[PDB]
């Protein structure tokens, strides 16, 4: 997607200060980084700069959603400075702010090979452009203030590099507001985009897409677009029940149901048929008397229906077989969302078996792409991240792409 945009590999950073937007918005538990995949995924771009004789490297990102309110005790990027220092083996200068005189002078003529990490960009309402004040009232940013903020960020360097794929879908100040003669996309951006371009412009055939999750309404455009590129599609998780109900008139008990999505199901099937797309739905399920990790377990099939008062939380053995059948024929796979409540061991077996199949397919030459989010965390708790072709570092961003949208984060990049 950047074949028409400027990239790091085509930039000259010798003796220059580099302002690099990155995505260090990692998850925490109480004071520790539960997952540092996002930090490690940006190192390749940081080193390339340093190894190429860079005067300095200024990194900026956000953490959570403070709403433009300084919350150092809740969303401080300080702990990320400690984590980075160890992964880089180099010293990192952390600043209590990301804009202002003090920061601006600190980033002017610094000691060569200097790594500087700025503070949460969202501690200012100028980043997103909106937020709230102490009074609790929702406020809007001033065009004059926005220009100032964007102007301060631009003074931090000579060239600008964007490697925040996970934030590529946001049209915030640090993503599209930096005013510098050169805006280059990082390696992480080049890598992530290269995989999704393969599964969006010219995939290997057969091409299979596995879509799970809970709701259907917020997935309509994702399915609609994918129905123009895939050969086979698996509809699993709570999503399936909305299709079985409208398509087979099957009873679903107290299982998840999407009223809004139920009205489009028939239009989705019609599009698949016209395009020659095979849609695999589950044939049996693992039920529960209630929504609880320690609920009573049962079983059911499409033909028998789900008993009243019960609900399907995972697929069954026969469904696992069909899924594997589709996985075996594929030459490329895109997976987004679990096919069952994987957070509870008793209902994660269906997702576990599919992962095993997906892992075996990769070792046979199949291109396997797992979209970030709930389906990304799985592989982590399974240590099967290096058992597939690619695990995305951006769920909401990769979703935007799959829907066929344009990420403001890359469009704002310099042309070539």
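Numbering follows the first chain given and starts at 1.
- As recorded in the PDB entry, 340-348 is the stretch of 229-237 and 340-348 with the greater mean C-alpha temperature factor.
- When the mean C-alpha temperature factors of 143-151 and 101-109 are read from the deposited coordinates, 143-151 comes out higher.
- The entry assigns its greatest Cα B factor, within the set 129, 213, 89, 312, to 89.
- In the deposited coordinates, the residue among 218, 204, 73, 325 with the greatest CA B-factor is 73.
- Ranked by Cα temperature factor within the chain, residue 290 sits in the highest third according to the deposited record.
- Per the deposited record, the Cα B-factor of residue 300 falls in the lowest third when ranked against the other modelled residues of its chain.
- Residue-level temperature factors show residue 386 in the middle third of its chain, judged at the C-alpha atom.
- Placement of the Cα temperature factor of residue 169 within the chain: middle third of the modelled residues, per the deposited record.
- Sort the chain's modelled residues by C-alpha temperature factor and residue 162 lands in the middle third, per the entry.
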